[PDB]
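Shown next as structure tokens: one chain only, the form deposited in one PDB entry.
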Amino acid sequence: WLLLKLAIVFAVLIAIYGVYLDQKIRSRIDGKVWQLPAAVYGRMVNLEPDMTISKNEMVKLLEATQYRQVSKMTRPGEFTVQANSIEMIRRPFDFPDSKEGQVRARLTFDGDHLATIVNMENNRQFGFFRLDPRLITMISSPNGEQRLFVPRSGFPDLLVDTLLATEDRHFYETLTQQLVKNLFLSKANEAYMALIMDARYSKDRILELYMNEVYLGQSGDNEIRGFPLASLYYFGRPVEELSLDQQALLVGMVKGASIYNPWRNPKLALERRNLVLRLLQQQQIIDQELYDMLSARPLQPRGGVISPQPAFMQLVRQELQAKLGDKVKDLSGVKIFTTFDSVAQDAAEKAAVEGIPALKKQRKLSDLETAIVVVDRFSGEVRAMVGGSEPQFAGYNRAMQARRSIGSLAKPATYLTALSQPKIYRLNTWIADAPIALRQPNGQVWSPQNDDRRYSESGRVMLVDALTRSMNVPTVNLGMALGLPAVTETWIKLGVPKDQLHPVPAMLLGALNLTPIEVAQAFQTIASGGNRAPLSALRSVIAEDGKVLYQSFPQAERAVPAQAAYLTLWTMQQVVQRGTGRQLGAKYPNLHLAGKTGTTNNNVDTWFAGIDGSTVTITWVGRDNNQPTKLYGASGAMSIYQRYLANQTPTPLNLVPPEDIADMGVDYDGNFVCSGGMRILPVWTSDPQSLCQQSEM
């Protein structure tokens, strides 16, 4: 017999093929298994005793951070609402500062402020309590396969059993065969690889690799793979927080994700979900005492979840390039922590989605558009970005790309340049309000007019009223007295791009084309108290091994004096209370908002700059075809800001006067009085006996 002898070498030749496969499995598994895309997270909110936040504001903040309201808590990422407190189970999160687990706390409130945050385990108060950030999106991997790596513990025991019942009973050496099918191949070859895989790597590793590989959905040209990313994609909570009905649907989609897609066909997807529920009940785990309760819950955010936050993600990407260059991207398992505010965004999106079609019908238009930028008053951190009236599905971001004439938003700069000189210009400084005729290099006569084409009876107005009422004629006169290079110098210090400044008399009235983000920088500089803080979207960039690649730091710069900024901010409160913006100040008088309206020529662009206790908000309302809006600054843009304020809880603006601020009294003539006077104006002076020098006449 030369049958065995010749075919003995067949066992040898296939065994050496197995040693070749073992060498290949180790090359992949003992190291890089996948190119894990960059995880993009929102702001990490730290709660504190005596912090200004209400019970309702906390529910809205919890709900925005993927937390669920329940009557009785069991799972993490859940909360209960009481008459004066909130009980929650803060989900486990690998924070860059320190990795944390499950923390069950009670948040006791006293109306407007947070009294205590007590651990429900030991009954002890917290010095500060960390709220985990919400996962915004994932930056597209070139491979086209999107995942979120989660270890063995991260998957609950119920889900492992839900998967075991529909697929395998591990105790041999199909689960390890399916792994090698998705992980390596395009039947005999996979069964041979599974023999090696099971023998070398322990059971725990097999189900860890499988639960992060399996195909579960599709978004454009990106594969939604593995149970952890699928959980957030289909419902909106981590894999650990799933209910059994949701686990059954995720488990059911494994053998055919495309036909069990609830977005396309819900009937077949619901039918397959009940099939998983009817498979589990047959086994020792479940009884028909709740099968009809799980099968009764029909499922989902019903959106495509393709490009989450396209307006804000443009800036994130642009800043990742500015700080880390070209890689970044080579690295796998990157964690990006942004300045993004889920509360401010939903409110800004709702103000855009509802406000615009309401202004389109009201004014009888066909193509009105908008742009909203929300930044932190002091730090300059970009909290929210709205690129248009349709912020969900966007291709054009009007917050970073739409360069438009700013209009009357250019007025504070002139007054800030004047109020920078306390020895000359004060709030009671009389500005001429009489006809203007300025000959230019043409030589055509430039005769700017006031909005009503009227001039003051006495032929003058005080500085304070000129900005409050957004008067053009006194603005030019003041701006021409300081000189255009001085006013152009203020703008550079405010943070606006240098190449956009054209020093011509028209600049004082709005001949400055900026994007809402560039406008947000100029208003932030004055709102912080004169400190120019460069606007940012990146807080930190962390690697897989917890290595800090990028870490942002406070880099604020003193641009304009503190007292000049305060005097401008105080006058900006007068525009919101009595001036052009008085329609807002009547709706919210207890917010003491500092603001400025903007209306370009022929109602082409409508602008509003709103300053609360915590944020600087730039709202722009206009048409993409540069056509009339039949809208003003107070209407349109400001009515979108009022909607943004009504959609959330705004912080009231309490202006803390800095050094050398003295509230002085003036008479009808505008002269400082020792005691009394019909008007009280703040003055940048260290010795109020500026009245004595004035009263002596």
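So that the term is clear: the rigid core is the largest set of C-alpha atoms that superpose within 1.5 Å between two forms. Residues that one form lacks are left out of the comparison. One rule holds for the numbers: they count along the sequence shown, beginning at 1.
The same protein has a further form, the form deposited with a partner chain bound, not shown here; the description that follows concerns it.
Remark: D287 counts among the residues lining its partner chain in the deposited complex, judged by a heavy atom distance of 4.5 Å or less. Its partner chain is not shown here, and in the deposited complex it never comes within 4.5 Å of any heavy atom of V604. Looking at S243, you'd find a heavy atom of it within 4.5 angstroms of its partner chain in the deposited complex. Contact annotation: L158 falls within 4.5 Å of its partner chain in the deposited complex, judged by heavy atom distances. Among the residues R539, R75, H592, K493, the one placing a heavy atom within 4.5 Å of its partner chain in the deposited complex is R75. For the candidate set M507, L294, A486, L279, a heavy atom within 4.5 Å of its partner chain in the deposited complex is found for exactly one residue, namely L294. Proximity to its partner chain in the deposited complex, taken as heavy atoms within 4.5 Å, picks out 67-75 from the listed stretches 67-75, 102-110, 88-96, 455-463. Summarising the superposition on the core between this form and the one not shown, the listed residues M664, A634, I53, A38 contain exactly one with a Cα shift of 2 Å or larger, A634.
At a threshold of 2 Å in C-alpha displacement, with the core superposed and only residues shared by both forms counted, 632-634 is the one segment of at least 3 consecutive residues that shifts between this form and the one not shown.
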